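So this first bit is one chain, no partners, the form deposited in one PDB entry, shown in structure tokens.
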């Protein structure tokens, strides 16, 4: 049983708010993170969403998935996980002067494929893989999770740059849409930028990716990116979702080309 009685967790610094609750740093046999609701009486809908999310996290035991640790129901619904140290992959790639050697970029790709392969073997669809939901714990261990937090206008836009054509169209989410999103993560790692950086108008992106043949410009991958990795990325990015590989092949392929580098 993973319920944590009231009075044990010392809630500390507020990190941000998402669509569920508010994430804090806390103390419980060390450092933890607490995502908790604002209400003392949750609706049946909030309680269902809470049981769903505890339900999926309780099914995961893998070094590359954010470690679930427990939950509270009083005074508020709360999900307790390990505390991740460092920054998301997004901040490293796109919002800092962190320079990664290609060996480390491959290693990050390999660890992300391990976590995704694990989730899919459990028939878990992440639905929003992107470099912002990849945390580089201790600068050495990928942790896949849901790390999106708002620390005037409301954010209305989805993760359009990682959405497969069939998703950006609109059961669109599937294992194959997670694979496509992983392909865009490979693009981030291997080019150092986001796709479609010359197209400011998001409607044009939506229109061209979902209807036409707009796809990331693979000529921007760094010269030292292994050919096998470039080829794998293109497979993950196929428009027809049934031509994309599955994560057992993706993992096997990344582990094998990485060993070629050593």
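Between two forms, the rigid core is defined as the largest C-alpha subset superposing within 1.5 Å. Numbering follows the first chain given and starts at 1.
The form deposited in another entry exists for this protein as well; it is not shown, and the discussion that follows is about that form.
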property: Residue among 246, 10, 13, 19 whose Cα moves 2 Å or more between this form and the one not shown, once the rigid core is superposed; result: 19
property: Core-aligned CA displacement of residue 157 at least 2 Å between this form and the one not shown; result: yes
property: Note on residue 124-residue 18 C-alpha separation in the other entry, which departs from the shown form by 3 angstroms or more; result: farther
property: Shift in CA distance, residue 188 and residue 19, in the other entry relative to the form shown here, given it is 3 Å or more; result: farther
